[PDB]
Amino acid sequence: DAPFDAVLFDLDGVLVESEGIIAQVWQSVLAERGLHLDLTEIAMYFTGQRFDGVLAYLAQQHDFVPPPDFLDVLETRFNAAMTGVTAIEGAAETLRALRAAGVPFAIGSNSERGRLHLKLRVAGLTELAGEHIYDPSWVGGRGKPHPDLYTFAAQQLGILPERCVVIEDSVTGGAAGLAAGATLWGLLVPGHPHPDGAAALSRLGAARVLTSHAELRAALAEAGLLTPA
């Protein structure tokens, strides 16, 4: 029983740390303007929300309406901040191990293509990540949670999606992997925010929920893809 032929990776939260950096920008721009929120609230409610929606939330939940310069300053600073994206601890080692073992893998991200590659670059992962790196523009904009991106990634590796394992930190991305026919392993590295928690990923249908790249490599070894260490 060898369950998998290939690994399909999420980007944000699994290979690179971006949601925490974005949360810090919200927190500082707001704090400067009088409203002091904690990073967990910001990560939970602000990240991956449309700007008008953030304004509605601020008004409804905090009786707060930001000053005119709010949009401009946020943009100026999300831009400057994107350079500060880092690799998730252990991620480079997982990619290096898979490459040494000759296991096919691909990355599937809802990031716009330029940003996807910028993040891999500043995180120091470009060489390790390889060339099977897919954003929604490869599937006509039908990004996660549609299965299309992971179906396509599997196709590009010449492997059936049913024989892939998808490593994801959100319901949005986990759903895309399951809908493609893959097995879902949640990965929630602590110390970094993720869009959903372990209970949600398990209820969604993750076969497991791992909490470190060391645990991921151990699981991949149990599945016959790496050597147990």
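So that there is no doubt, residue numbering starts at 1 and follows the sequence shown.
Stretch with the higher entry mean CA B-factor, where the candidates are 60-68 and 47-55: The stretch with the larger average C-alpha B-factor is 47-55.
Higher-scoring stretch by recorded Cα B factor average, 196-204 or 29-37: It is 29-37.
Candidate residues 139, 81, 106, 92, the one whose C-alpha B factor the record puts highest: Answer, based on the entry's C-alpha B-factors: 81.
Residue, from 100, 123, 128, 74, that the PDB entry assigns the highest Cα B-factor: Max CA B-factor in the entry, restricted to 100, 123, 128, 74: 74.
Third assignment of residue 216 from its chain's C-alpha B-factors: CA B-factor rank for residue 216: middle third.
Lowest, middle or highest third - CA B-factor, residue 7: Lowest third, going by the recorded CA B-factors of the chain.
Third of the chain's Cα B-factor distribution that residue 158 belongs to, per the entry: For residue 158, the deposited C-alpha B-factor lands in the highest third.
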